[PDB]
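Side chains included, hydrogens not; waters and symmetry mates left out as well; all remaining heavy atoms used. Here is how names work: the chains are called A, B, and so on, in the same order as the sequence lines, proteins then strands, and each is numbered from 1.
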Amino acid sequence: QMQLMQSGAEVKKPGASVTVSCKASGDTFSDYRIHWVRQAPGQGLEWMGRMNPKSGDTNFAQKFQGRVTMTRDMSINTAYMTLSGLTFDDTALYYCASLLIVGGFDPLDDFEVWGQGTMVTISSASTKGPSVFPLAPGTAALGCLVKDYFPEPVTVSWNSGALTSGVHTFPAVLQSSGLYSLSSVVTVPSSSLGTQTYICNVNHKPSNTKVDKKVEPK
Amino acid sequence: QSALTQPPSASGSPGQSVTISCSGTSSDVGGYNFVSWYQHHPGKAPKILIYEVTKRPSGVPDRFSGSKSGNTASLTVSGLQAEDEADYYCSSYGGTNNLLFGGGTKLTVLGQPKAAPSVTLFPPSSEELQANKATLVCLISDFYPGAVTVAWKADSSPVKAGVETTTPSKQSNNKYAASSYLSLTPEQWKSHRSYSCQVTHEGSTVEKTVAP
Amino acid sequence: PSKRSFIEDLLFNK
C-alpha cells in the first residue's frame, strides 16, 4: 500500500525557514491528500494544514497563515511544507499524513497513512556530531556512549540491524553545557564475547555523522 | 493552544471500562459529525481508533467506541489492557476549514506490579581516557512506578559534582527507564579505589560499582 | 462513486 517517507532532522536559526519533504510510494500520489501535523515538546498534536497534490490547493490553520506554504513536485511524488519566521515554539516533530476525517461512500479506503516524523529544532547554536565510545563488557552487557551532540536526534542500531534482541537505547541527557549524550546497551551471551563481533551503528543526520564502532571485550 | 477540551488524565483497572471526554463548541464538535479519536504512544505516529464520531477503521476492536451528545464527544475503552496506556487525542473539523485537536488524555491502567530497577554501570573507555575525558554511565531500566533517585559515590564518599540524570521515560513494556552520567577527570577516575551508582526505588536500593 | 479524497475537498471548500 502507499507509504510516506520524510526528510531527516534539521536545525534552523530563529527567523529562518525550514522545508520538510514527504515522498509517497506504493500507490497513486494524487489519490491522497497530504496533511501536516506537528507535536512540540510538552504540547499536544497540532494540525498545520492540508494539500491537494493534483491541483496544489491548500488549507492552512489560522495559526500559521502568513508564514507557511505547502507545495509538491508531482514528477517525484513529493510533498513539501515550508515554515518561515521560525521561533522556539516551532521546535517540534513534524508529520505528514493522509488523514481520515470524512469517510468514503464505501469504507474500503477509510484508513490513514503517516510518515515517520521529522524533528526540527530552532536554535542559534552550532550543530555538532557526537563522539562514539565503545562500552566494553551468563550474559554480558556491552554498549556505546554517544557523547556531546547537537541537536537531537541520534539513532543507534547494532550489527547493522541484525542484532535486535536485548537492545535498549536510552533517551538522551541534556548537559549543563547544552549538549546531549545518550547510550545504547545490548545484553548478549557471555560465551559469544570471544566469537561474535559487535558493532554499534550511530547516525546523527544534522552533522553528517555516521559511525559504526566496534565494541571489543577488554 | 488546544481548541478542544480534554481532561489531562484518566485511569481504569484491567478488564474494566473508562470513558474520556472531549468538549468543543457548536461550530465544531457540536456542529458536525467529524470527530476522531487518536491513540498516541510516545515516539510513534498517532493511530486513529474512531472517525465520524462512532466508526472504527479496519483492525480496531469493538471495545473502542465513540459517542457524542451536544458539544461533547466521548471515547469508551472497555476490556482495558496494559497496552492501552497511551495519550488519547480527539479531533474535529471546525472553525473555518480547520482540523482542531484536544490536548490529550493520558490513560493509566491500574494494578501494574511494583518492579525494581535493573542497573548497568560502565566505567570510562580507554578511548575516552585517551581524549583526556572520563564518563561513568549508569543505565537504569524496567522499574515501576516511574520514579528513582540516583546517588553516586567515590569509594564510599558521596559525590554530587559532575552528575547529570535524566527524567524517567516510559518504555514500550509499560515500565520506566532513566540514565545517570558522572563526569570526571582521568586523574579523579584513576585516583580512587572505585566508584558506585546507587539507585533507590520505593525505599529499596540497587548498587553497582566499577574500578580502574 | 468518487474516491474519499474528493469528499474531503468539498468539506474544506473555499
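- The local environment of CD in B/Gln1 is sparse, with at most 12 non-hydrogen atoms from other residues, nucleotides or ligands closer than 6.0 Å.
- In terms of heavy-atom pairs under 4.5 angstrom with chain B, the leader among A/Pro134, A/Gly115, A/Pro171 is A/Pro134.
- Heavy-atom minimum distance, B/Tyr181 versus A/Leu182: OH-C, 3.3 Å.
- The contact between A/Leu135 and chain B is made by backbone and side chain atoms together, counting heavy-atom distances below 4.5 Å.
- Counting all heavy atoms, side chain and backbone alike, B/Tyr89 lies closest to A/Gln43 at OH-O, 4.2 Å.
- Residues of residues 47-63 of chain B having a heavy atom under 4.5 Å from any heavy atom of chain A, listed by number: B/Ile48, B/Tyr51, B/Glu52, B/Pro57.
- Interface residue B/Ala178: only backbone heavy atoms are found under 4.5 Å from chain A.
- Only the backbone of A/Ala172 has a heavy atom closer than 4.5 Å to any heavy atom of chain B.
- Comparing A/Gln175, A/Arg50, A/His35, A/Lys63 by heavy-atom pairs within less than 4.5 Å of chain B, the highest count is held by A/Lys63.
- The candidate from B/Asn98, B/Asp87, B/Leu100, B/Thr166 with the greatest count of non-hydrogen atom pairs under 4.5 Å with chain A is B/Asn98.
- With a 4.5 angstrom heavy-atom cutoff, A/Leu174 touches chain B only via backbone atoms.
- Here the shortest heavy-atom pairing between A/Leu100 and B/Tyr38 reads O-OH, 4.3 Å.
- B/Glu164 and A/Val173 make their closest contact through CG-CG2, 3.4 Å (heavy atoms, listed as atom of the first residue, atom of the second, distance).
- Expressed to the nearest 0.5 Å, how far CG of A/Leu99 lies from OG of B/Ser36 amounts to 8.5 Å.
- Most heavy-atom pairs under 4.5 Å with chain A: of the set B/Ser179, B/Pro46, B/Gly103, B/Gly95, this distinction falls to B/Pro46.
- Among the residues in residues 121-143 of chain B, those with a non-hydrogen atom closer than 4.5 angstrom to a non-hydrogen atom of chain A are B/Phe122, B/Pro123, B/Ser125, B/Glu127, B/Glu128, B/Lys133, B/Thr135, B/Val137, B/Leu139, B/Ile140, B/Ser141.
- Enclosure of atom CZ in B/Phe64 by more than 12 non-hydrogen atoms of other residues, nucleotides or ligands within 6.0 angstrom is indicated.
- Annotation: B/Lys114, atom NZ; neighbour count of heavy atoms from other residues, nucleotides and ligands within 6.0 Å is above 12.
- Proximity to chain B (any heavy atom under 4.5 Å) is shown, for A/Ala61, by both the backbone and the side chain.
- Contact between A/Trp47 and B/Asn97 at its shortest, heavy atoms only, is CH2-O, 3.6 Å.
- Among the candidates A/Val102, A/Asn59, A/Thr187, the residue making the largest number of heavy-atom pairs closer than 4.5 Å to chain B is A/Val102.
- When heavy atoms are compared at a cutoff of 4.5 Å, B/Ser2 does not approach chain A at all.
- Comparing A/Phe111, A/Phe60, A/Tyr95 by how many heavy-atom pairs each has under 4.5 Å with chain B, the most go to A/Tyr95.
- Heavy atoms from other residues, nucleotides or ligands lying under 6.0 Å from NZ of A/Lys205 number more than 12.
- Applying the 6.0 Å contact sphere to NZ of A/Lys54 captures no more than 12 heavy atoms from other residues, nucleotides or ligands.
- In this structure, chain B has no heavy atom under 4.5 Å from any part of A/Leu108.
- For B/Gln6, no part sits under 4.5 Å from any heavy atom of chain A, backbone or side chain.
- For A/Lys210, the NZ atom is densely surrounded, since the number of other residues' heavy atoms within 6.0 Å is greater than 12.
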